[PDB]
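Structural characterization, general
Each chain, letter by letter, is given below.
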Amino acid sequence: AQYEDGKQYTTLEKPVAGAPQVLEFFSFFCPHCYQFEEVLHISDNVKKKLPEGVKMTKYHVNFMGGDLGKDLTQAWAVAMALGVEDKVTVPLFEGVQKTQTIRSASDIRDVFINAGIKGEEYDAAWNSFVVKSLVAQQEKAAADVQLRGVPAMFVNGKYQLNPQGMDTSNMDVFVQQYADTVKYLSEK
């Protein structure tokens, strides 16, 4: 077959009921995640090829960067709650991996302030129980699939993308193979 289990994807022996249709996991400490966001624009290109009736979810994980990794999962919860993901994703990645100006929760906060989220609004969100449950959701979705690595994409809680088994000579060709694989799995 052209798409083979164990090739462009793997199947979970322990499928996850009620899971989001397209579920993506990342860390701001994760070097391939940086590439996926700034150079490949994976999420955007997957979206462009998905049918509608399909929503896309993206969660941060704790297992990289210790204390600050956890602060980042809470910050991502804040971003989701305020709907400001598209405003903070790039400066968070760059502050962590490029300029290394993110060393504390306050430095994370600075990124939101400079992107125009209000001090009062950020702190209120940061401490909210809506954001607490949003952090719980991120952790639970990662736990459900026994996640030990990122970047990771899961389709309908039963297929896991396998980018190692795709061509990487050409970045554009890689992105289209990845996106087309998601579309295929989505129609499965």
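Residues numbered from 1 in each chain as written, not as in the entry; some residues may be left out. Heavy atoms only, no water.

What the deposited record gives as its method is X-ray crystallography, and the resolution it gives is 1.8970 Å.

Before going further, it helps to spend a moment on unusual backbone geometry. For the bond running from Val150 to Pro151, omega is 0°, close enough to zero to count as cis. Residue placement: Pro151 occurs in the loop between α7 (129-144) and β4 (152-155). A positive phi angle, close to 45°, is found at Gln146, a residue other than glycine. Of note, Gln146 is situated in the loop between α7 and β4. Judged by relative accessible area, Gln146 falls into the exposed class, the value being 63%. (Helix = DSSP H or I, 4+ residues; strand = E, 2+ residues; numbered from the N terminus. Buried < 20%, exposed > 50% of the residue type's maximum accessible area, 1.4 Å probe, protein only.)

All right, on to the packing of aromatic side chains then. Counted under the stated rule, the structure contains 16 aromatic pairs. Aromatic side chains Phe26 and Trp76 sit 5.1 Å apart centroid to centroid with 80° between the ring planes, which places their arrangement in the edge-to-face category. Linking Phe26 in strand β2 (residues 22-26) with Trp76 in helix α3 (residues 66-82), this pair joins segments that are 50 residues apart in sequence. In this pair, the class of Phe26 matches that of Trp76, namely buried. Look at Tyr122 and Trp126: their rings are 6.0 Å apart centre to centre, the planes differ by 25°, and that puts the pair in the stacked class. Taken together, the residues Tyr122 and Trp126, both in helix α6 (residues 119-127) and four residues apart, mark about one turn of the helix. In this pair, the class of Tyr122 matches that of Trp126, namely buried. Members of the aromatic cluster, each reached through a chain of ring pairs, are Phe26, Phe28, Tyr34, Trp76 and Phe93. Taking the ring centre of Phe26 as reference, the NZ or CZ of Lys58 above it sits at 5.8 Å. (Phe/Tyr/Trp six-rings, centres within 6.5 Å; stacked < 30°, edge-to-face > 60°. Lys NZ or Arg CZ within 6 Å of the ring centre and 35° of its normal.)

Moving on: the environment of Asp107. Among the structural elements, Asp107 can be located in helix α5 (residues 105-114). Each C-alpha atom of the pair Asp107 and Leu92 lies 9.5 Å from the other, and the pair is 15 residues apart in sequence.

A full pass over the atoms with the stated rule returns one disulfide. Covalently, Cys30 is tied to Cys33 through a disulfide, its sulfur atoms 2.1 Å apart. Between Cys30 and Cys33, the S-S torsion sits near 75°, and that sign places the bridge as right-handed. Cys33 carries the same exposure label as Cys30, and that label is buried. (Disulfide = S-S within 2.5 Å.)

Here we come to the side chain of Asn162. With respect to the element layout, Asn162 can be found in the loop between β5 (159-161) and α8 (171-186). Since its relative accessible area comes to 16%, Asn162 is described here as buried. Residue contacts for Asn162: discarding those within four places in its chain leaves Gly6, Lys7, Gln8 and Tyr9. (Contact = heavy atoms within 4.5 Å.)

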